[PDB]
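FYI the Cβ positions are ideal-geometry reconstructions off the backbone, even for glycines, and counts take in every protein chain you see. Laboratory data are not the source of any read-out in this text; all were calculated from the coordinates shown.
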2 protein chains.
Amino acid sequence: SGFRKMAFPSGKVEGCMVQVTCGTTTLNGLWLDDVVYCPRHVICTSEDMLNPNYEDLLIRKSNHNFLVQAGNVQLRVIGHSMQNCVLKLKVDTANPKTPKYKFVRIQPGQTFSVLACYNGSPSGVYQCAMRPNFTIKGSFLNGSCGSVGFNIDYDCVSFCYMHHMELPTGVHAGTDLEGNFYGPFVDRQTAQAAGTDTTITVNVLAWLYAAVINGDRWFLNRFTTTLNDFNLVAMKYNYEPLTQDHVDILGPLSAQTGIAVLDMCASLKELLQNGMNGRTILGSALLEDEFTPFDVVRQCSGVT
Amino acid sequence: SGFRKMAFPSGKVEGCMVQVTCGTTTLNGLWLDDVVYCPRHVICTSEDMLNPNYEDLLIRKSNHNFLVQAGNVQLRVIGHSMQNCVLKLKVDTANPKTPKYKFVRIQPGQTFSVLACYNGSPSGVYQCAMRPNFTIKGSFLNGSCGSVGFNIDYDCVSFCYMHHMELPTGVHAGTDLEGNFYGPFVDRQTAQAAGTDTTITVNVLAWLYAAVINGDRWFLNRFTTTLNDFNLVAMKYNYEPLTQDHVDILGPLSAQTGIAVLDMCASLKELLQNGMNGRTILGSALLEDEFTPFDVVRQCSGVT
Ligand SMILES: *CC(=O)c1cc(C)n(NC(=O)c2n[nH]c(=O)c3ccccc23)c1C
Ligand SMILES: *CC(=O)c1cc(C)n(NC(=O)c2n[nH]c(=O)c3ccccc23)c1C
């Protein structure tokens, strides 16, 4: 028993991290097969940051200007191209450690592991959620750009995120592996509105089920609610409206615990209206929304 | 910027995980050089659990009874011995993926990453603290025994923990890699008192410094305290007494932020006496104690 904010084992991704240097800038790249993917802002100087013309900046660069290093060995760049906000550096050697992989676009509310890297070297791994407003709250210092987000299913790594930006508010923004930003963000040093965020209701309910499974049950009550009534409370507390699709996704947890989804909603309604009263659930004093229903089932079943 | 509960990259440890089966029991082993380490309770049947005589149980076992599998390949066991609560299975092949490593005994209050495994296969990685009462609050289902705790310094893995037990209270207990339990625990299925736990004061202060560094400053006040006065409050709130050694360890964070350690203690005193008032610090509604001062400096400096 016990329930932790667990990241995927990072070994398969560690073997793909390389350092990319262009001019004075150094950040991380992801080496899969004979291609290295990295944020296109590696070609920017400090005078370019405010409003870079990436097309013009990239025209001044040649293959030999992109220094790609995997550990202590240099990779030979034989092509370069920009796809949206990412650069794809074709190299003459396929990464011998390329795992089975996919590039996927995750939905807001879904979770993934980030392998924080600096100079192509991994520093740590943590689990987070793609917020409903398409930002992430990560841990990214200078040099961490190009660090990637991923999920693992058996032996296949689905890369979903590449780190590009820290907004002036301190929240993080990035792209899928085809270089498309999640959210309205642009790779420019400008003030950018992230937009209203909400709490991921279905994940809070999943985590309440994980709490019951792991012995924390004080919040269970004698009440029930309806989707309509629950959603009036969700509206007041800036929670995503719960849909039947969310109820269906919570089905396996409801079956395992014997607690109807709407009964768990009634517990969540009471916690929203009355707070925790100084108590904790799974070591947290707030309602946790970074565990999907799949994350709860996976951790409660020991999937490897 | 940003601050997350970050685990070490787990790749070096993933390459050491193997499955150990003895009779009907399956758990994890750690393969380093030509030795596989695992909990000695792998030799127990359900009738042995309550009070096993490990010496007698092990005498009934031969090398060929310990099935050690690394992925799909079987390892040949050429010796076995029990050291405290661990078994050391000598195999005929050195693990080609053995990283540089050390076996260390961590102190209570220190942190480490756990690579949760089942059937020798990694499922996830998370960071936790060795509680002052020598328990850990992990995520360990049946089959997770033999999963290890570790820290990484550059390319050297210091293994500090091996998982052995879940007490009837749901907290976890285990050993160093020489098989010595942390705390008073024994590898028997009996009710075992864990003893009074405390909050790791120096880690809470470190995390308050991480909060200031990362922009969360609402808890800073116009007050100061002394070690004596702070410790009277720490006593009341079940916090470890703060010593000059703890103040010295917080020195670099105090220097970086310009906030004297005793001034940060005064903020901590006010938070203990008055609570959070519905506010959060680094996304937490409680005072976090699972980041050491070294963890804060490491994450704030991007050490790889
Ligand atoms: C996230 C990350 O690693 C990141 C963000 C930004 C803006 N950069 N680039 C720089 O910091 C940077 N870019 N171009 C230059 O010419 C620089 C000169 C000096 C220092 C930093 C520079 C990165 C890497
Ligand atoms: C932590 C862990 O992986 C763990 C804890 C305990 C007690 N075990 N062993 C068993 O569950 C177990 N041990 N011996 C047997 O003869 C068993 C028979 C059936 C099911 C489980 C058994 C492990 C592995």
With the 8 Å Cα cutoff and a minimum separation of six or more residues, the stretch A:115-250 has a relative contact order in percent of 18 percent
Which loop-located trypsin sites (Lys or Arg not before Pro) does the stretch B:70-169 contain, where loop means any DSSP state but H, G, I, E or B and the Cβ has at most 16 other Cβ atoms within 10 Å? B:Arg76, B:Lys97, B:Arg105
Can you give the angle from 0 to 90° between the axis of helix B:201-213 and the longest principal axis of chain B, with both taken from C-alpha atoms, to the nearest 10? 60 degrees
Return B:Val91, B:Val297, B:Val13 ranked ascending by Cβ neighbour count within 10 Å, so the fewest neighbours appear first. B:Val297, B:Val91, B:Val13
Among A:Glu290, A:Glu47, A:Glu166, the residue with the largest mean-square fluctuation in a Gaussian network model of chain A built from Cα contacts under 10 Å is A:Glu47
Starting from the Cα gyration tensor of the protein assembly as shown, take the square roots of the eigenvalues, sort them a ≥ b ≥ c, and report rounded, prolate or oblate (rounded when a/c is under 1.5, otherwise prolate if a/b is larger than b/c, else oblate). rounded
Rounded if a/c under 1.5, otherwise prolate or oblate - the stretch B:15-99, Cα gyration tensor axes: prolate
Exam field: B:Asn274 pseudo-label spacings to other copies (7 Å along Cα-Cβ), nanometres: 2.7
Any idea what the A:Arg188 label distances to the other copies are, label 7 Å down the Cα→Cβ vector, nm, shortest first? 7.2
Taking A:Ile78, A:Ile152 and counting other C-beta atoms within 10 Å, the order from fewest to most: A:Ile78, A:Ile152
Reduced to Cα centres, the span from the stretch B:176-196 to the stretch B:245-297 in Å works out to 31 Å
Sorted from shortest, what are the nm distances separating the label point of B:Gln69 from equivalent points in the other copies, each placed 7 Å from Cα along Cα to C-beta? 4.2
Averaged over peptide A:9-17, how many Cβ atoms belonging to another chain are found within 10 Å of each residue's Cβ? 5
If one computes the Cα centroid of the stretch A:1-59 and of the stretch A:88-110, what distance in Å separates the two points? 12 Å
If you take every residue apart from A:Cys128 with its C-beta less than 15 Å away from the C-beta of A:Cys128, what net charge results, scoring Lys and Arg +1 and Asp and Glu -1? 0
Relative contact order, percent, the stretch A:198-301 [alpha-carbon distance under 8 Å, six or more residues apart]: 48 percent
Give me D for chain A in µm² s⁻¹, whole number, from Stokes-Einstein with Rh from the Kirkwood sum over alpha-carbon pairs, 10 °C and 1.306 mPa s. 77 µm²/s
Quick check on the exposure proxy: order A:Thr243, B:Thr304 from fewest to most C-beta atoms within 10 angstrom. A:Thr243, B:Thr304
Per the helix-only calculation at 222 nm, which mean residue ellipticity applies to chain A, given -39500 (n - 2.57) for every DSSP H run of n ≥ 4 and division by its residues, nearest 500 deg cm²/dmol? -6500 deg cm²/dmol
Need the list of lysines near B:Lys269 for cross-linking: C-alpha distance under 21 angstrom, and skip anything on the same chain fewer than eight residues off. B:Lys236
Which angle from 0 to 90°, rounded to the nearest 10, does the C-alpha axis of helix B:261-274 make with the longest principal axis of chain B? 90 degrees
What relative contact order, as a whole-number percentage, does chain B give when Cα pairs under 8 Å and 6 or more residues apart are counted? 17 percent
